[PDB]
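Next come the chains, spelled out residue by residue.
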Amino acid sequence: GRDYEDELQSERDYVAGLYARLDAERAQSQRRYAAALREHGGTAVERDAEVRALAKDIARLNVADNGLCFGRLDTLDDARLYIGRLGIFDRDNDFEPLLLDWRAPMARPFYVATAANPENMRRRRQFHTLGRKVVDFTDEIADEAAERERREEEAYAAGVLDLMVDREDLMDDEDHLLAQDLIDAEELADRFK
Amino acid sequence: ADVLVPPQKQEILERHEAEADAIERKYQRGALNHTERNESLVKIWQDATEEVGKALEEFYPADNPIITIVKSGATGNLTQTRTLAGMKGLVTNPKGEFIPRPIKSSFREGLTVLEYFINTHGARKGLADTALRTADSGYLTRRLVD
Amino acid sequence: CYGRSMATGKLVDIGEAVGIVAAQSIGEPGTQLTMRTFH
Amino acid sequence: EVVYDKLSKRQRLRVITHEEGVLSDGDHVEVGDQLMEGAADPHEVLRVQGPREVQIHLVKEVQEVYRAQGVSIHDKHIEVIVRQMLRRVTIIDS
Ligand SMILES: [Mg+2]
C-alpha cells in the first residue's frame, strides 16, 4: 500500500532516530564508566558504586538493541503513546514520553483487546520488526571429595589471613579495621568460587 | 577568599531541579516506574555536577594556590576541588545505590544536617571496605607467589 | 628473553628472582581495583 | 561448515570494527575470531589455536584490565605467571 508504505517508512525513520539516540547514550555512559573506572578523583566506595551503576545502565541499554519498539497505542483523544522494551524521553521537551516501558501503568493498554471495550485507545499497531527495521502494520482496534575441597579452601584462606600483619605488629597511625575482623576464611573462600 | 564559588551555579541547580520536577510528574502520571525514575534523576544530577566542574575550572584564576597545587600534579584532583567549592553531589545508600536527593552544598557554603547525615553511610562503608580490599590483595599475591 | 630488570635499566643478572617480583608488582596495586561487593 | 546457533539474544554481537556496527553477513572471519562480545574460553583457544594464541590472549586481557583502572605494569611480569600454567601435558596416548 502506498499509504502503508509511506507510514512504514516514516515509522522506520522514527525508530532509526530512537536507535541513534540510544547509541549516543551508550557511548556517553561507556566513556563515563571508563573515566570513573580509571581515576574518578574520589574514594573507593563512590567509584565502585558509580561503576556498578553505569554497568547496569549499559546493560539496560544493550539488552534492547534488537526489537526495541513493540508497537503503538494511538488513542481516541488524538494522541499517541509508543511502546517498547525500555524508557526514552526527550530531556528537553519536558520529558514528553516517546517510548514507555512495557511495564509502565500507562502502557497496560498494550494487552487489553476486547470487543469494543477500550480505555481510551482507538488504533493499535504491533510492529513486526526483525531487530532494527519495521515490517508489518497490525491493526487491532559422591560427597567425599567436596568435603576435602572445601576444607582445603578454608585452610588456604585462613593462611591468607594469618599472612597479613596483625594489630600486635602494626606500624600505622591508629588501629584501623583489618581483614581478620570483617570476614571469615570460609566466606573468603565462598567468594572465590 | 581563595576557595572561590562560581556564580553560574544557582541557575544550573534551578534548571536541573525543574527537570527533576518534570520527572516527578512523569512518575505521578503513571508514565514511569520508581527505579527508572531514580536512574533518570541520577543522570541529570551527574550532568549538573559535570557542568559545575567545568564552570568552576573555567572561572578560577591561573595563579590560585589550590588550582596550582592541583594542575602541577602535586596533590589532588578537580573532584575534590569541585566538592570543596561546588557541590559534593549525589551520595550512596548503605546498599551502594545512589540517592536522587543530592548534596547541593559544598564544604565551604556549609552543609546542612540532612545533607550531612547521608554523607556518613559511604564513609563508614569505605573505612570498612579498605580492609577487605587488602585481604583480597594479599590472597591474590600469596597465590601468585605460590 | 626477560630482557632488562626495570629497576636497574640494564640486562638482568643470572641468579635473579623474577617470579616473585612479578607477583609483588601485580598484587601491590591490587588495592586500586574494582572488587566484587561484600553485602 | 561449523555452526554456533545457540546464541542468546542477551548478548548482541561482535562490533565489526571495519573503518563499527554489529558483525555483518558474508564477512571474512579467521580461525581465531570471536562471534559475540564478551570473553572466550582459554581452553577453547588452546584446543583450536594452540599454546601461542592463548598465552597472548591471557596477557592481553589481564593487562587491558590493569590498564583501564589507572595502573602501569609491564608484560614480562604477566608472562612469568603464564609460563607456569602450560608446563604440563595431559596424556591421551602414552
Ligand atoms: Mg598514616
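Residues numbered from 1 in each chain as written, not as in the entry; some residues may be left out. Chains lettered and ligands numbered in written order. Part of a larger assembly, values for the part shown. Heavy atoms only, no water.

As summarised from the PDB record, the model derives from cryo-EM at a stated resolution of 3.36 Å.

Asks: I keep staring at the overall build of chain B and nothing clicks. Help me out?
Replies: Along the backbone of chain B there are five helices and zero strands. Along its sequence from the N terminus, chain B presents helices and strands in the succession α-α-α-α-α. Taking 2.2 N^0.38 as the reference for a compact globule, 146 residues should give roughly 15 Å; the C-alpha atoms of chain B span a radius of gyration of 19 Å, well beyond that estimate. Its C-alpha atoms give chain B principal-axis dimensions of about 60 × 50 × 25 Å. Across the 146 residues in chain B, those meeting the buried criterion constitute 46%. Here chain B has roughly 7,800 Å² of accessible surface; of this, 54% comes from carbon and sulfur atoms. In chain B, 20 positive and 21 negative side-chain charges are present, and the distance between their average locations comes to 5 Å. (Helix = DSSP H or I, 4+ residues; strand = E, 2+ residues; numbered from the N terminus. Rg over C-alpha atoms; globule rule 2.2 N^0.38 Å. Buried < 20%, exposed > 50% of the residue type's maximum accessible area, 1.4 Å probe, protein only. Areas by Shrake-Rupley, 256 points an atom, 1.4 Å probe, with all protein chains shown as cover. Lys, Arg positive; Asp, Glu negative; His and termini not counted. Charge placed at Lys NZ, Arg CZ, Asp CG, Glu CD.)

Asks: Please clarify how the interface of chain A and chain B should be interpreted in this entry.
Replies: How big an interface is tends to be stated in terms of the accessible area lost upon association of its parts. Taken residue by residue, the interface counts 39 residues in chain A and 41 residues in chain B. For the pair chain A and chain B, the summed buried surface comes to about 3,400 Å²; carbon and sulfur atoms form 60% of the total. Broken down residue by residue, the surface that chain A buries against chain B is led by A:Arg91, A:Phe95 and A:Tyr156, which jointly contribute 20%. Our count for the contact surface shared by chain A and chain B stands at nine salt bridges. Salt-bridge contacts for A:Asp57 lead to B:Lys43; the nearest nitrogen and oxygen are separated by 3.8 Å. Of all the secondary structure elements, the ones that give two or more residues to the side of chain A that touches chain B are α1 (2-38), α2 (44-62), β2 (83-90), β3 (96-101) and α3 (145-163) of chain A. No other element matches the 11 residues that α2(A) contributes to the side of chain A that touches chain B. (Contact = heavy atoms within 4.5 Å. Buried area = accessible area lost by both parts, 1.4 Å probe. Salt bridge = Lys/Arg side-chain N within 4 Å of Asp/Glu carboxyl O.)

Asks: Please clarify how the packing of α2(A) against helix α2 (residues 34-59) of chain B should be interpreted in this entry.
Replies: When two helices pack together, their arrangement is given by the angle between their axes and by how far apart the axes lie. In contact at an axis separation of 12 Å, α2(A) and α2(B) are set at 115 degrees when each is read in the N-to-C sense. The two elements α2(A) and α2(B) cross, and the hand of that crossing is left-handed. Each of A:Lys56, A:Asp57 and A:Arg60 in α2(A) lies in contact with α2(B), whose residues at this interface are B:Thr35, B:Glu36, B:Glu39 and B:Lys43. When the residues that make up the contact of α2(A) with α2(B) are grouped by side-chain class, the tally is no nonpolar, one polar and six charged. (Axes fitted to C-alpha atoms, helices over the stretch in contact; angles between N-to-C directions. Left-handed = near helix turned anticlockwise from the far one by under 90°. Nonpolar A, V, L, I, M, F, W, Y, C, P; charged D, E, K, R; others polar.)

Asks: I would appreciate a short explanation of the sheet that holds β3(A) in the present structure.
Replies: Pairing between the strands of a sheet comes from backbone hydrogen bonds, and it takes one of two forms, parallel or antiparallel. All names here are of chain A. Read from one edge to the other, the open sheet built from four strands follows the order β3-β2-β1-β4, with strand pairing classed as antiparallel. Each edge of the sheet is formed by a strand with only one pairing partner; in this case those strands are β3 and β4 (125-126). Bridge count for strand β1 (residues 69-72) against β4 is two bridges, and the pairing is antiparallel. Residue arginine 72 lies in a different strand from β4, and its bridge partner there is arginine 125. (Pairing = 2+ DSSP bridges.)

Asks: Would you explain the interface of chain D and chain C in this entry?
Replies: Every contact between the two is made by 11 residues of chain D and, on the other side, 13 residues of chain C. Here chain D meets chain C over a buried area of about 1,100 Å², counting both sides, of which 70% is carbon and sulfur. At the junction of chain D and chain C, the tally comes to zero salt bridges. Along the contact surface separating chain D from chain C lie three residue pairs in polar contact. Here the side of chain D that touches chain C is built from residues that sort into six nonpolar, four polar and one charged. (Polar contact = N/O pair within 3.5 Å; in protein donor to acceptor, adjacent residues only side chain to side chain.)

Asks: It is not clear to me how the coordination of the magnesium ion should be interpreted in this structure. Could you clarify?
Replies: In a perfect tetrahedron of four donors around a metal, the angles come out at 109.5 degrees. In a perfect octahedron of six, they are 90 or 180 degrees. Distances from the magnesium ion to its protein donors, namely A:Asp173 (OD) and A:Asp173 (OD), fall within the range 1.9 to 2.3 Å. Relative to the helices and strands, A:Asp173 resides in the loop between α3 and α4 (185-190). (Donors = N, O, S within 2.8 Å, 3.2 Å for Na, K, Ca; no water.)

Asks: So what exactly am I meant to see when it comes to a nonpolar patch on the surface here?
Replies: All names here are of chain D. Where nonpolar side chains cluster on the molecular surface, the patch consists of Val2, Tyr4, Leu7, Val29, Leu35 and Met36 and spans about 560 Å² of accessible area. Of note, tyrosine 4 is situated in the segment before α1 (42-48). Given the relative accessible area of 47%, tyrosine 4 is considered partly exposed. (Patch = residues over 30% accessible without salt bridge, like charges linked within 9 Å, V, L, I, M, F, W, Y side chains within 5 Å.)

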